[PDB]
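One-letter residues, chain by chain:
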Amino acid sequence: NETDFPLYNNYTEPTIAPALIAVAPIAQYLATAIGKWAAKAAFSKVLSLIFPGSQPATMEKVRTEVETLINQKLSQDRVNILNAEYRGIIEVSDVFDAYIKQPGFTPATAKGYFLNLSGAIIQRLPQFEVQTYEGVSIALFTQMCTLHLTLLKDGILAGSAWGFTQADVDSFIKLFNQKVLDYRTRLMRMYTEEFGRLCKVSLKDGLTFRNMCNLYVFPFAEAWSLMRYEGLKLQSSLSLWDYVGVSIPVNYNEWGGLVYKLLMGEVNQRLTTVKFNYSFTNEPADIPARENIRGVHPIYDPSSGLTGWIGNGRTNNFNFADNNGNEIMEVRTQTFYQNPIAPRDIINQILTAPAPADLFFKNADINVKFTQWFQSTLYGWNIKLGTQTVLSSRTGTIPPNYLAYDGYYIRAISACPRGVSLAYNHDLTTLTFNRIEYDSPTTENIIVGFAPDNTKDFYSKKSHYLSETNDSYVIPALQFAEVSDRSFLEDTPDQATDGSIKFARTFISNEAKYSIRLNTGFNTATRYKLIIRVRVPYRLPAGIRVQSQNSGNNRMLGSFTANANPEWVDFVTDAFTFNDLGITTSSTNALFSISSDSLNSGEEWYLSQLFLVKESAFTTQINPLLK
Amino acid sequence: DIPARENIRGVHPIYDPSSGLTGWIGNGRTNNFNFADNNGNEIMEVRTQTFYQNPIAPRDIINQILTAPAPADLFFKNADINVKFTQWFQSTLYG
Amino acid sequence: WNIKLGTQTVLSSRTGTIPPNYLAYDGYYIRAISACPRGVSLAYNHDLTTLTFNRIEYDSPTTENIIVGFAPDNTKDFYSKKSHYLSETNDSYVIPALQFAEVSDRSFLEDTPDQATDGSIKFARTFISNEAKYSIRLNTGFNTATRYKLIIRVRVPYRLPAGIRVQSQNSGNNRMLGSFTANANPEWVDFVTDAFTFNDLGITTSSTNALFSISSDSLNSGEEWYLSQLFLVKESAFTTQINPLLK
Amino acid sequence: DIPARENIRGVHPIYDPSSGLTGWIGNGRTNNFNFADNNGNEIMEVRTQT
């Protein structure tokens, strides 16, 4: 026997919980420090968390976890090299951190140690950028840059205390504004290289690599992108994708132009129904039984009809599917023979699974069993969603495959077209208006997306409810109320979200609205500010406009000049109060709108997320305009 | 709305089992998949059951070959054969 | 069957010669070509067939029919430029509701031929808001200082606490033109806005994203309201002669 | 991408035209519409152009 044992998210032994990985305390302290930064003290905590007790043991734990996840191990020589680099960094950081804590230390000595540490980090960084092993080192790299980006940050805050002149502080601000972009570019380079390479052989391997990066890489990139401020909230909304089925090669231009769009579906709607096209046949005698998954159809909004079949919903060749007012549910043909008795069955049915009473599935059990027969691969399938057994295999017992993650819930169920070209309808597959479907004879795969629990409230109330206790709120762009036409979904995982909106409408206007509600006890007199993250490659003469619409009490909050820049930019509005907007605890049609005029042919612009933070809690510490 | 119906498609009498002179009067075909004598066996019955769903009445389509051998006393003495007609929109259905 | 569209022979009959059937009307042009489902029940997907978002189709084995719609020539400019161009010489402008730039979801088409149009918009959205926008452009020589007024024809059977709102949106220069109390009345009503000028709206001869918006809040289950058409007339040329409130 | 192909499906030799002893070796079927001897004629060729 090869393996009769159960599986856990396709792995032979249970995986570590997403909140119990080795980089979790680092991320937690980073999120804590983003809200309130303890000057000349945060670098010490980051050093104690990355190198506990001046030991590289936590980094080795991270390396082992990543190697276990992505099925790529390193050689002992590379391990020794990385450990030597760790030891050098640890020596220099020990010198610096020890000299800091002496009451009455010399500022010039601290300046020298700071310069030595920054130089050593910059010098040893390229050791983690060898592409031949990047798929692993991209994790370790992510930590090192952090240790650097923290250091410089602290150096900018503690000015003359560490022996820095004003020119030194300005040079450090310039170096920080340069490195916060260079490190992100290099990280994205490694990620895109390895992701495309792994997708060109099988979509499952690329999905696994992406799931690893969503936990060990991208949250820290977002943290970097939020370190220049003080008061915003560090929150990730990336999803984990479980793939069960055969291997399908996918190009990188085909991932962001079709496959990801088919996986996401209605990006702001809750899954309400899922349908499968099941086929079973044991026609001959020497040829064993077999099963096929012909198509998957997810139904989110029952009144929109945007999502279509991924695969096919056909059940016969008699062109009878919607006639007589009913829907064909199952077609079974039983054949009997006679030789001087073994009835054969051919079944083609449509399995339907509606959403549970609690609106969402918590876990699943989906598995496929392969069988070789004269260089021909036959399949058997087992499907169970939550507590409803959807399909038990007729070809024999199949071991389970527990698909679950503590702190996540099932939000989307889709598939990938198998045996067809994935290069068509790229420019047609938009967010709305168009039909989201793709014809294919079979799929033979099921893809389940788990979303974190911080998104469970939006997909249940269709709005964003504000509380008084919290100080900062992050709103992803994909969690909108309505969006304009000719809008696309752009996978931007470095933003710690499931994607961004690409506006490319050449008529009327490009507008995106978000629904806001207020809980009881909310203080309507407290001052707030809005921060909008956008990317405007082409110049827009009318700029970007942030507006508040409340039952006709439309008020203009901000008008920002849209200049050409290929990098992400944050627009900050002036202060305001919820009494100026006319919003109370009973307002149900309150909306925030981000709008711009029509574009030209070949032009587009990107919207990432929104930040709502109180005025007292928000402060810019490192100016971005000083390059 | 269209009621049930039955059809007699062919009759095949077999006298001398080793001569093979008599053939089908009508047709012995049971499907359009060209499968009748493959795999060494003879197709005896093909049943298709269709299920629908409207916000349950399974339909059946049966095509089989009924076989009756000669009795122990070599000959049949009597029989009971009958057909029932039914009109439906100028269409005659049979049982 | 014999089919010919304009000058392109689409299908000549193989079963023999068929006499012609000249489909033409002086002053009209072909705008829509459709058919009717034959041999199937026509009672399904009524609540699903909306103006947008949904798929506009119906499965049927055959149709055996072709239906051609001729529209008058006064609509030829809109279906060619996707906007309404305003001139200085004319004093009054009528804009049907179906000639919009964009419309909200859960909106239906209501055949109201007594309004001398091809139909009216029925809003029945129970979330966000019900909004309808119309694109306006100005020809050269248009006087931007002349005063104008807006008249909105609506039918509001159920009470709307927030009422109806007419607004002018021009590249962010959004200005509120009118806020009208929506009381329950099963008959058609005209709301007249206050006077305004195109300089107050910031619209010139080069504005390409100028829009007029008619909006209202979300409705309740089983509620809807109808919009028929819009009237743009100069202030000097408009006068109410028979008061409608004196019943 | 799949090149052209040809198949020999059946051979039928006819010796004595009035005996009918020899039959098809293979198959004489040409379609799945069960039309071969209807209308008094014999189906000679079925061509489908796509």
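- Looking at the method and resolution fields of the entry, one finds X-ray crystallography and 3.1000 Å.

Overview of the overall build of chain B
Stage number 1. In terms of regular secondary structure, chain B is built from zero helices and four strands.
Stage number 2. Seen in sequence order, chain B has helices and strands lined up from the N terminus as β-β-β-β.
Stage number 3. Taken against the 2.2 N^0.38 rule, which gives 12 Å for 95 residues, the C-alpha radius of gyration of chain B at 18 Å runs more than 25% over that of a compact globule.
Stage number 4. On the principal axes, the C-alpha backbone points of chain B span a range of 60 × 35 × 25 Å.

Focus: the overall build of chain D
Stage number 1. Helix and strand counts for chain D stand at zero helices and zero strands.
Stage number 2. The C-alpha radius of gyration of chain D comes to 14 Å, more than 25% above the 10 Å expected for a compact globule of 50 residues.
Stage number 3. Over its C-alpha atoms, taken along the principal directions, chain D stretches across nearly 45 × 25 × 15 Å.

What about the pairing of strand β10 (residues 377-385) of chain A?
For a regular strand, side-chain orientation follows a simple rule: the groups alternate between the two sheet faces.
Residues and elements named next belong to chain A.
Stage number 1. Counting buried positions along β10 yields seven of nine residues, so the element is predominantly enclosed.
Stage number 2. Here strand β9 (residues 364-372) pairs with β10 via nine bridges, running antiparallel. Across the sheet, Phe-370 pairs through a bridge with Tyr-379, a residue of β10.
Stage number 3. Pairing of β10 with strand β11 (residues 388-391), which is carried by three bridges, proceeds in the antiparallel orientation. Pairing of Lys-384 across the sheet is with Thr-389, part of β11.
Stage number 4. Taking the residues between adjacent antiparallel strands as the criterion, β10 and β11 are bridged by two residues, where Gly-386 takes a positive phi near 65 degrees.

Re the packing of aromatic side chains
Residues and elements named next belong to chain A.
Stage number 1. All told, the structure shown has 42 aromatic pairs over all chains when counted by the stated rule.
Stage number 2. An angle of 70 degrees between the planes, with centres 5.0 Å apart, marks the rings of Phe-114 and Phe-164 as edge-to-face. Placement of the pair is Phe-114 in helix α5 (residues 107-124) and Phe-164 in the loop between α6 (134-157) and α7 (166-199), with a sequence separation of 50 residues.
Stage number 3. Between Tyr-191 and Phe-218 the ring centres are 4.9 Å apart and the planes differ by 85 degrees, which places this aromatic pair in the edge-to-face class.

A few points about the interface of chain A and chain C
Stage number 1. Across the boundary between the two partners, chain A contributes 32 residues, which contact 28 residues of chain C.
Stage number 2. At the level of secondary structure, the elements contributing two or more residues to the side of chain A that touches chain C comprise β6 (307-311), β14 (436-439), β23 (540-550) and β27 (590-597) of chain A.
Stage number 3. Split by residue class, the side of chain A that touches chain C holds nine nonpolar, 15 polar and eight charged.

Quick notes on the side chain of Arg-63 of chain A
Stage number 1. Along the polypeptide, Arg-63 of chain A turns up in helix α3 (residues 57-70).
Stage number 2. Setting aside chain neighbours within four positions, we find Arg-63 of chain A in contact with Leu-74, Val-79 and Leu-140 of chain A.

Considering the sheet that holds strand β15 (residues 445-452) of chain A
Residues and elements named next belong to chain A.
Stage number 1. The strand order across the open sheet built from three strands is β3-β15-β13, with neighbouring strands paired in antiparallel fashion. In this open sheet, the two strands that pair with only one neighbour each are β3 (240-245) and β13 (408-414). Strand-to-strand twist across the sheet, computed as the mean angle between neighbouring axes with direction ignored, equals 25 degrees.
Stage number 2. Direction of pairing for β13 relative to β15: antiparallel, over a ladder of six bridges. In the sheet register, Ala-412 faces β15, and the bridge partner there is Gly-449.
Stage number 3. Along the sheet, helix α8 (residues 203-216) contacts β3, β13 and β15; its crossing angle with β3, the most-contacted strand, is approximately 160 degrees.
Stage number 4. Relative to β13, helix α10 (residues 252-264) is tilted by about 125 degrees, and along the sheet it contacts β3, β13 and β15.

Thoughts on the arrangement of the chains
Stage number 1. Ranking the three pairs of chains in contact by number of contacts places chains A and C first.
Stage number 2. Looking at chain A next to chain D, you find no contact at all, with the nearest C-alpha pair sitting 14 Å apart.
Stage number 3. Across all C-alpha pairs, the smallest distance from chain C to chain D is 19 Å, and the two are not in contact.

Some details on the sheet that holds β11 of chain A
Residue and element names in this part refer to chain A.
Stage number 1. What the five strands build is an open sheet, ordered β1-β12-β9-β10-β11; its pairing is mixed. Edge strands, defined here as strands with exactly one partner in the open sheet, are β1 (7-8) and β11.
Stage number 2. Pairing of β1 with strand β12 (residues 401-403) involves two bridges; the strand directions are parallel. By the bridge assignment for β12, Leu-7 is matched with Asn-401.

Thoughts on unusual backbone geometry
All names here are of chain A.
Stage number 1. Although it is not a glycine, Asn-9 sits at a positive phi angle of roughly 55 degrees.
Stage number 2. In this structure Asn-9 comes out as buried when scored by relative accessible area, which is 6%.
Stage number 3. Phi is positive for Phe-374, which is not a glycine, with a value near 60 degrees.
Stage number 4. Relative to the assigned elements, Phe-374 resides in the loop between β9 and β10.
Stage number 5. What makes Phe-374 exposed here is its relative accessible area of 71%.

Overview of the packing of α6 of chain A against α7 of chain A
Residue and element names in this part refer to chain A.
Stage number 1. One can describe the packing of α6 onto α7 by two numbers: an axis separation of 10 Å at closest approach and a directional angle of 170 degrees. Between α6 and α7, the interaxial angle falls into the category roughly antiparallel. The two elements α6 and α7 meet at a crossing, and its hand is left-handed.
Stage number 2. Of the residues contributing to the contact of α6 with α7, the split by class is 16 nonpolar, four polar and six charged.

Considering the side chain of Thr-30 of chain B
Stage number 1. Within the secondary structure, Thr-30 of chain B sits in the segment before β1 (45-51).
Stage number 2. Aside from chain neighbours lying at most four places away, what touches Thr-30 of chain B is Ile-43, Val-46 and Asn-63 of chain B.

Observations regarding the pattern of salt bridges
Stage number 1. Per the counting criterion, the structure on display carries 44 salt bridges over all chains.
Stage number 2. Between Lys-61 of chain A and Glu-65 of chain A there is a salt bridge, with the nearest N and O atoms lying 2.9 Å from each other. A residue pair is termed a helical-turn pair when its members lie 3 or 4 positions apart in one helix, as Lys-61 of chain A and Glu-65 of chain A do in helix α3 at four residues.
Stage number 3. The exposure class of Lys-61 of chain A is partly exposed, given its relative accessible area of 42%.
Stage number 4. Close ionic contact of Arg-332 of chain A with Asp-345 of chain A constitutes a salt bridge, the shortest N to O distance being 3.0 Å.
Stage number 5. Judged by relative accessible area, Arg-332 of chain A falls into the partly exposed class, the value being 28%.
Stage number 6. Look at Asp-345 of chain A and you get buried, because its relative accessible area is 15%.
Stage number 7. By sharing partners, the salt bridges in this structure join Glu-482, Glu-511 and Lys-513 of chain A together with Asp-105 and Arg-125 of chain C into a single network.

What to know about a nonpolar patch on the surface
Residues and elements named next belong to chain C.
Stage number 1. A cluster of nonpolar side chains, namely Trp-1, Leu-5, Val-10, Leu-11, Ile-30, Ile-33 and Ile-66, defines an oily patch on the protein surface of about 620 Å² accessible area.
Stage number 2. Looking at the nonpolar patch, the elements with two or more residues in it are β2 (8-11) and β3 (28-34).
Stage number 3. On the secondary structure map, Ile-30 appears in strand β3.
Stage number 4. Residue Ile-30 is classed as partly exposed on the basis of its relative accessible area, which comes to 43%.

Concerning the environment of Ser-18 of chain B
All names here are of chain B.
Stage number 1. By the secondary structure assignment, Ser-18 is in the segment before β1.
Stage number 2. You can call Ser-18 exposed: its relative accessible area is 66%.
Stage number 3. Within polar-contact distance, the side chain of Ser-18 engages the side chain of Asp-16 at 2.8 Å.

A few points about the environment of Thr-181 of chain C
Stage number 1. Along the chain, the position of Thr-181 of chain C falls in strand β13 (residues 175-182).
Stage number 2. For the pair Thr-181 of chain C and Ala-132 of chain C, spaced 49 residues apart in sequence, the C-alpha separation works out to 18 Å.

Side note on the packing of α5 of chain A against α6 of chain A
Residues and elements named next belong to chain A.
Stage number 1. Contact pair α5 / α6: the axes reach a minimum separation of 10 Å and the direction vectors enclose 155 degrees. Between α5 and α6, the angle falls in the class roughly antiparallel. The handedness of the crossing between α5 and α6 comes out as left-handed. Contacts from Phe-114, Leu-117, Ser-118, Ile-121 and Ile-122 in α5 reach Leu-147, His-148, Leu-151, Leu-152 and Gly-155 in α6.

Analysis parameters
Residues numbered from 1 in each chain as written, not as in the entry; some residues may be left out. Chains lettered and ligands numbered in written order. Part of a larger assembly, values for the part shown. Heavy atoms only, no water. Residues with missing side-chain atoms left out of burial classes, pairs and counts. Helix = DSSP H or I, 4+ residues; strand = E, 2+ residues; numbered from the N terminus. Rg over C-alpha atoms; globule rule 2.2 N^0.38 Å. Buried < 20%, exposed > 50% of the residue type's maximum accessible area, 1.4 Å probe, protein only. Pairing = 2+ DSSP bridges. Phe/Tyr/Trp six-rings, centres within 6.5 Å; stacked < 30°, edge-to-face > 60°. Contact = heavy atoms within 4.5 Å. Nonpolar A, V, L, I, M, F, W, Y, C, P; charged D, E, K, R; others polar. Axes fitted to C-alpha atoms, helices over the stretch in contact; angles between N-to-C directions. Parallel < 35°, antiparallel > 145°, perpendicular 65-115°, else oblique. Left-handed = near helix turned anticlockwise from the far one by under 90°. Salt bridge = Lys/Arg side-chain N within 4 Å of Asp/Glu carboxyl O. Patch = residues over 30% accessible without salt bridge, like charges linked within 9 Å, V, L, I, M, F, W, Y side chains within 5 Å. Areas by Shrake-Rupley, 256 points an atom, 1.4 Å probe, with all protein chains shown as cover. Polar contact = N/O pair within 3.5 Å; in protein donor to acceptor, adjacent residues only side chain to side chain.

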